[PDB]
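Here's the structure, in structure tokens; my notes come after.
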Amino acid sequence: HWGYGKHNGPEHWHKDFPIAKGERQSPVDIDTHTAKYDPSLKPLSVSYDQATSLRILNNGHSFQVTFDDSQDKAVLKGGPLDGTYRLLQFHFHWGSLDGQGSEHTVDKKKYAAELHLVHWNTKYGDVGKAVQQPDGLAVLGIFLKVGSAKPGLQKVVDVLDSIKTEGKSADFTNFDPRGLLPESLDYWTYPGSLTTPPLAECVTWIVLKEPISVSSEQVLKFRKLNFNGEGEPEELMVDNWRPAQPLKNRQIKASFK
Ligand SMILES: COC(=O)[C@@H]1C[C@@H](OS(N)(=O)=O)CN1S(=O)(=O)[C@@H]1O[C@@H](CO)[C@@H](O)[C@@H](O)[C@H]1O
Ligand SMILES: [Zn+2]
């Protein structure tokens with residue numbers, strides 16, 4: 001049903017998913033001057049050395065690279081988190097033009113795209129259970145700006161023509177997500193939600209201050225993907241981002257001064 005078009009997009013989502021108008025929805029604008037430096041925040045622990053990628057998939061609203069989350073291989077911990085979070089998948093949100101595409105914004109600034117590394121809290125056993133918990137998920141968000149290419153992304157971009165339409169998937173093993181991380185792990189963090197339906201309010205957001213640079217040719221290949229399945233009228237998978245939602249009674253904390 002739901003999508004990013006005029007008739008089924010973000011402004012329509014609340015009808016099937018009333019939590020869309022809830023108290024901790026995502027994404028949000030990160031007002032850098034209002035974010036509070038919290039020296040009690042531990043450093044982020046990103047442990048991806050044993051990551052096992054499995055498949056890459058066009059799911060009708062994004063493309064995602066899925067990982068084996070049946071043991072504590074690639075895990076996120078520390079920072080604002082209590083406990084261990086298993087990497088399940090990563091995916092992107094991007095625009096039709098370089099000046100839009102990100103879901104979070106920084107002082108109202110939009111980036112060309114945003115990378116989401118989705119992790120779930122091992123204390124809840126499976127991701128289905130985790131999405132029902134206020135601290136079930138931790139999503140690492142990384143901004144993409146257009147400039148120099150990101151060499152680590154290229155293996156991803158090169159198989160996108162094999163998953164053009166909704167439903168298509170491919171073997172995608174031995175991909176190293178460390179190749180997608182910026183130098184600094186400085187971050188903002190706040191309690192939020194999934195940014196697609198069901199918009200469940202189960203996410204601790206960890207958004208990195210430092211964007212990665214990707215080339216125009218790389219993001220252009222994102223934009224050749226299709227929302228539609230094969231045999232349906234071609235609608236380009238572009239502008240698959242939800243806009244900033246009301247901050248309401250939340251504080252964004254920064255891990256850095
Ligand atoms: C493309 O990713 C997904 O389909 C959803 C949305 C995306 O939310 S966001 N954009 O805030 O990172 C995350 N996942 S998800 O909710 O963790 C989605 O959840 C579970 C369903 O309950 C699992 O089947 C996972 O495969 C997971 O992808
Ligand atoms: Zn996302």
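Here, A, B, ... name the chains of the structure tokens in the order displayed, residue numbers run from 1 inside each chain, and ligands are numbered from 1 in the same displayed order.
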Just want the 10 Å neighbourhood of residue 227 of chain A, counted on only C-alpha atoms, with same-chain residues fewer than 5 positions away dropped. Output as a PDB file with N, CA and C atoms, in the first residue's frame.
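out-v4.pdb was written with the following content:
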ATOM      1  N   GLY A   3       3.611   4.188   0.465  1.00  0.00           N
ATOM      2  CA  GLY A   3       4.710   4.512  -0.409  1.00  0.00           C
ATOM      3  C   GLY A   3       5.200   5.903  -0.131  1.00  0.00           C
ATOM      4  N   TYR A   4       5.763   6.516  -1.164  1.00  0.00           N
ATOM      5  CA  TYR A   4       6.334   7.842  -1.044  1.00  0.00           C
ATOM      6  C   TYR A   4       5.728   8.791  -2.049  1.00  0.00           C
ATOM      7  N   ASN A  58      15.742  -5.659  -3.215  1.00  0.00           N
ATOM      8  CA  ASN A  58      14.851  -4.520  -3.473  1.00  0.00           C
ATOM      9  C   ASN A  58      13.496  -4.797  -2.831  1.00  0.00           C
ATOM     10  N   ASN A  59      13.152  -4.040  -1.794  1.00  0.00           N
ATOM     11  CA  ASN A  59      11.941  -4.335  -1.029  1.00  0.00           C
ATOM     12  C   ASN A  59      10.789  -3.382  -1.311  1.00  0.00           C
ATOM     13  N   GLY A  60      10.874  -2.646  -2.410  1.00  0.00           N
ATOM     14  CA  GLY A  60       9.784  -1.780  -2.816  1.00  0.00           C
ATOM     15  C   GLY A  60       9.849  -0.372  -2.263  1.00  0.00           C
ATOM     16  N   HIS A  61      10.610  -0.174  -1.188  1.00  0.00           N
ATOM     17  CA  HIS A  61      10.781   1.167  -0.629  1.00  0.00           C
ATOM     18  C   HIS A  61      12.244   1.574  -0.455  1.00  0.00           C
ATOM     19  N   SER A  62      13.150   0.612  -0.579  1.00  0.00           N
ATOM     20  CA  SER A  62      14.583   0.856  -0.493  1.00  0.00           C
ATOM     21  C   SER A  62      15.285  -0.370  -1.058  1.00  0.00           C
ATOM     22  N   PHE A  63      16.609  -0.401  -0.983  1.00  0.00           N
ATOM     23  CA  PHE A  63      17.312  -1.661  -1.148  1.00  0.00           C
ATOM     24  C   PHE A  63      18.060  -1.933   0.145  1.00  0.00           C
ATOM     25  N   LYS A 164      16.659  -4.383  -9.852  1.00  0.00           N
ATOM     26  CA  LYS A 164      16.031  -3.137 -10.276  1.00  0.00           C
ATOM     27  C   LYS A 164      14.634  -2.932  -9.708  1.00  0.00           C
ATOM     28  N   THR A 165      13.854  -4.005  -9.662  1.00  0.00           N
ATOM     29  CA  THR A 165      12.435  -3.888  -9.351  1.00  0.00           C
ATOM     30  C   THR A 165      12.096  -4.572  -8.042  1.00  0.00           C
ATOM     31  N   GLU A 166      10.970  -4.172  -7.457  1.00  0.00           N
ATOM     32  CA  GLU A 166      10.507  -4.734  -6.198  1.00  0.00           C
ATOM     33  C   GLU A 166      10.416  -6.245  -6.280  1.00  0.00           C
ATOM     34  N   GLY A 167      10.940  -6.908  -5.254  1.00  0.00           N
ATOM     35  CA  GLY A 167      10.899  -8.358  -5.179  1.00  0.00           C
ATOM     36  C   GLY A 167      12.222  -9.025  -5.507  1.00  0.00           C
ATOM     37  N   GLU A 232       5.060  -3.664 -14.101  1.00  0.00           N
ATOM     38  CA  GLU A 232       4.229  -2.541 -13.685  1.00  0.00           C
ATOM     39  C   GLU A 232       4.841  -1.268 -14.247  1.00  0.00           C
ATOM     40  N   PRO A 233       4.031  -0.208 -14.394  1.00  0.00           N
ATOM     41  CA  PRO A 233       4.576   1.066 -14.880  1.00  0.00           C
ATOM     42  C   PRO A 233       5.795   1.525 -14.075  1.00  0.00           C
ATOM     43  N   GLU A 234       6.870   1.868 -14.776  1.00  0.00           N
ATOM     44  CA  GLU A 234       8.125   2.225 -14.122  1.00  0.00           C
ATOM     45  C   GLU A 234       7.987   3.495 -13.307  1.00  0.00           C
ATOM     46  N   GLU A 235       8.124   3.372 -11.989  1.00  0.00           N
ATOM     47  CA  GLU A 235       8.275   4.550 -11.143  1.00  0.00           C
ATOM     48  C   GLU A 235       9.615   4.467 -10.405  1.00  0.00           C
ATOM     49  N   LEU A 236      10.478   5.436 -10.687  1.00  0.00           N
ATOM     50  CA  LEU A 236      11.842   5.426 -10.183  1.00  0.00           C
ATOM     51  C   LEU A 236      11.834   5.502  -8.672  1.00  0.00           C
ATOM     52  N   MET A 237      12.622   4.640  -8.040  1.00  0.00           N
ATOM     53  CA  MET A 237      12.837   4.721  -6.596  1.00  0.00           C
ATOM     54  C   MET A 237      13.738   5.916  -6.265  1.00  0.00           C
ATOM     55  N   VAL A 238      13.096   7.065  -6.047  1.00  0.00           N
ATOM     56  CA  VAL A 238      13.761   8.292  -5.628  1.00  0.00           C
ATOM     57  C   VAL A 238      12.858   8.970  -4.602  1.00  0.00           C
ATOM     58  N   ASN A 240      12.656   8.464  -1.370  1.00  0.00           N
ATOM     59  CA  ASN A 240      12.118   7.506  -0.420  1.00  0.00           C
ATOM     60  C   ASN A 240      12.520   7.886   0.998  1.00  0.00           C
TER      61      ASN A 240
END
At a cut-off of 9 Å, using only C-alpha atoms, what residues contact residue 77 of chain A? Leave out same-chain residues fewer than 6 positions from it and give the result as a VMD selection string.
chain A and resid 43 to 47 83 to 85
Any residue with an atom at most 9 Å from ligand 1 counts, using only C-alpha atoms and all ligand atoms. Which are they? Put them as a PyMOL selection string.
chain A and resi 26-27+59-64+66+88-93+103+115-120+126-132+137-141+192-200+202-203+205+241-242
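You can rank A:150, A:104, A:1, A:14 by their closest distance to ligand 2 using only C-alpha atoms and all ligand atoms, and at the top of that list sits A:104.
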What separates atom CA of residue 201 of chain A and atom CA of residue 15 of chain A is a distance of 16.5 Å
Return the single residue from A:78, A:13, A:2, A:114 that is closest to ligand 2, with distances computed using only C-alpha atoms and all ligand atoms.
A:114
List the spatial neighbours of residue 215 of chain A as a ChimeraX atom specification - criterion: any atom at most 9 Å away, only C-alpha atoms, same-chain residues fewer than 6 positions off excluded.
/A:145-150
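The interatomic distance for the pair atom CA of residue 51 of chain A and atom CA of residue 74 of chain A works out to 4.7 Å.
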Would you work out the distance separating atom CA of residue 229 of chain A from atom CA of residue 168 of chain A, expressed in Å to one decimal?
8.4 Å
Based on the backbone DSSP call, show me all residues of segment 1-210 of chain A assigned strand (DSSP E or B), as an MDAnalysis selection string.
chainID A and resid 29:30 36:37 44:47 53:58 63:67 75:78 85:94 105:106 109 113:121 137:146 169:171 187:192 203:208
Next, write the just-selected residues to a file, as a PDB file, in the first residue's frame, keeping C-alpha atoms as the atom set.
ATOM      1  CA  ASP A  29      15.739  18.012  12.540  1.00  0.00           C
ATOM      2  CA  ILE A  30      18.925  17.979  14.607  1.00  0.00           C
ATOM      3  CA  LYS A  36      23.297  19.103  24.658  1.00  0.00           C
ATOM      4  CA  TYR A  37      26.799  17.717  25.030  1.00  0.00           C
ATOM      5  CA  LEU A  44      30.159   4.029  20.507  1.00  0.00           C
ATOM      6  CA  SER A  45      31.348   0.454  20.140  1.00  0.00           C
ATOM      7  CA  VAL A  46      30.992  -0.701  16.547  1.00  0.00           C
ATOM      8  CA  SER A  47      32.205  -4.279  16.199  1.00  0.00           C
ATOM      9  CA  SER A  53      26.347 -10.377   4.709  1.00  0.00           C
ATOM     10  CA  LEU A  54      23.844 -12.676   3.011  1.00  0.00           C
ATOM     11  CA  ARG A  55      21.686 -11.009   0.399  1.00  0.00           C
ATOM     12  CA  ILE A  56      20.873  -7.697  -1.235  1.00  0.00           C
ATOM     13  CA  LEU A  57      17.209  -7.028  -1.828  1.00  0.00           C
ATOM     14  CA  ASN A  58      14.851  -4.520  -3.473  1.00  0.00           C
ATOM     15  CA  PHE A  63      17.312  -1.661  -1.148  1.00  0.00           C
ATOM     16  CA  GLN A  64      18.839  -3.514   1.762  1.00  0.00           C
ATOM     17  CA  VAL A  65      21.859  -5.667   2.468  1.00  0.00           C
ATOM     18  CA  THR A  66      20.939  -8.346   5.006  1.00  0.00           C
ATOM     19  CA  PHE A  67      23.244  -9.981   7.543  1.00  0.00           C
ATOM     20  CA  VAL A  75      27.288  -5.844  17.060  1.00  0.00           C
ATOM     21  CA  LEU A  76      26.720  -2.332  18.296  1.00  0.00           C
ATOM     22  CA  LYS A  77      27.086  -1.402  21.936  1.00  0.00           C
ATOM     23  CA  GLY A  78      28.167   1.411  24.224  1.00  0.00           C
ATOM     24  CA  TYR A  85      22.589  -4.992  19.502  1.00  0.00           C
ATOM     25  CA  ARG A  86      22.977  -7.310  16.485  1.00  0.00           C
ATOM     26  CA  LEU A  87      23.367  -5.898  12.978  1.00  0.00           C
ATOM     27  CA  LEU A  88      20.451  -7.167  10.875  1.00  0.00           C
ATOM     28  CA  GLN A  89      20.533  -5.049   7.712  1.00  0.00           C
ATOM     29  CA  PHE A  90      21.468  -1.740   6.183  1.00  0.00           C
ATOM     30  CA  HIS A  91      19.597   0.324   3.631  1.00  0.00           C
ATOM     31  CA  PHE A  92      19.485   3.856   2.243  1.00  0.00           C
ATOM     32  CA  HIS A  93      17.124   6.750   1.718  1.00  0.00           C
ATOM     33  CA  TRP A  94      17.888   9.147  -1.128  1.00  0.00           C
ATOM     34  CA  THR A 105      18.437  17.015   8.804  1.00  0.00           C
ATOM     35  CA  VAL A 106      21.147  19.068  10.493  1.00  0.00           C
ATOM     36  CA  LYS A 109      20.217  20.961   6.024  1.00  0.00           C
ATOM     37  CA  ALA A 113      21.168  10.348   1.143  1.00  0.00           C
ATOM     38  CA  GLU A 114      21.156   8.647   4.507  1.00  0.00           C
ATOM     39  CA  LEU A 115      22.466   5.214   5.418  1.00  0.00           C
ATOM     40  CA  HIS A 116      20.718   3.208   8.140  1.00  0.00           C
ATOM     41  CA  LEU A 117      22.456   0.310   9.865  1.00  0.00           C
ATOM     42  CA  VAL A 118      19.665  -1.461  11.733  1.00  0.00           C
ATOM     43  CA  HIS A 119      20.477  -3.408  14.936  1.00  0.00           C
ATOM     44  CA  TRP A 120      18.242  -5.169  17.463  1.00  0.00           C
ATOM     45  CA  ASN A 121      18.631  -5.726  21.207  1.00  0.00           C
ATOM     46  CA  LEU A 137      16.316  -1.306  18.053  1.00  0.00           C
ATOM     47  CA  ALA A 138      19.418   0.833  17.596  1.00  0.00           C
ATOM     48  CA  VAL A 139      19.814   2.449  14.198  1.00  0.00           C
ATOM     49  CA  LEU A 140      23.130   3.977  13.180  1.00  0.00           C
ATOM     50  CA  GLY A 141      22.452   6.811  10.748  1.00  0.00           C
ATOM     51  CA  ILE A 142      25.152   8.140   8.429  1.00  0.00           C
ATOM     52  CA  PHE A 143      24.730  11.071   6.048  1.00  0.00           C
ATOM     53  CA  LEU A 144      25.860  10.945   2.433  1.00  0.00           C
ATOM     54  CA  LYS A 145      27.114  14.009   0.602  1.00  0.00           C
ATOM     55  CA  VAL A 146      28.036  14.055  -3.096  1.00  0.00           C
ATOM     56  CA  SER A 169      17.208 -10.200  -4.611  1.00  0.00           C
ATOM     57  CA  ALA A 170      20.734 -11.490  -5.084  1.00  0.00           C
ATOM     58  CA  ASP A 171      23.464 -13.335  -3.288  1.00  0.00           C
ATOM     59  CA  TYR A 187      27.176  11.287  17.239  1.00  0.00           C
ATOM     60  CA  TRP A 188      23.853  12.730  18.233  1.00  0.00           C
ATOM     61  CA  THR A 189      21.334  10.476  19.943  1.00  0.00           C
ATOM     62  CA  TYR A 190      17.624  10.645  20.766  1.00  0.00           C
ATOM     63  CA  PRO A 191      14.697   8.221  21.293  1.00  0.00           C
ATOM     64  CA  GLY A 192      12.642   7.707  18.165  1.00  0.00           C
ATOM     65  CA  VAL A 203      14.490   2.948  18.115  1.00  0.00           C
ATOM     66  CA  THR A 204      17.452   4.535  19.852  1.00  0.00           C
ATOM     67  CA  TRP A 205      18.788   6.744  17.089  1.00  0.00           C
ATOM     68  CA  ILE A 206      22.521   7.238  16.822  1.00  0.00           C
ATOM     69  CA  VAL A 207      23.328   9.731  14.058  1.00  0.00           C
ATOM     70  CA  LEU A 208      26.956  10.359  13.107  1.00  0.00           C
TER      71      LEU A 208
END
Which of these residues is nearest to ligand 2, using only C-alpha atoms and all ligand atoms: A:40, A:102, A:96, A:52?
A:102
Of the candidates A:11, A:183, A:72, A:176, which shows the shortest atom-to-atom distance to residue 156 of chain A, using only C-alpha atoms?
A:176
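Nearest residue to ligand 2 among A:101, A:224, A:218, A:186 is A:101, counting only C-alpha atoms and all ligand atoms.
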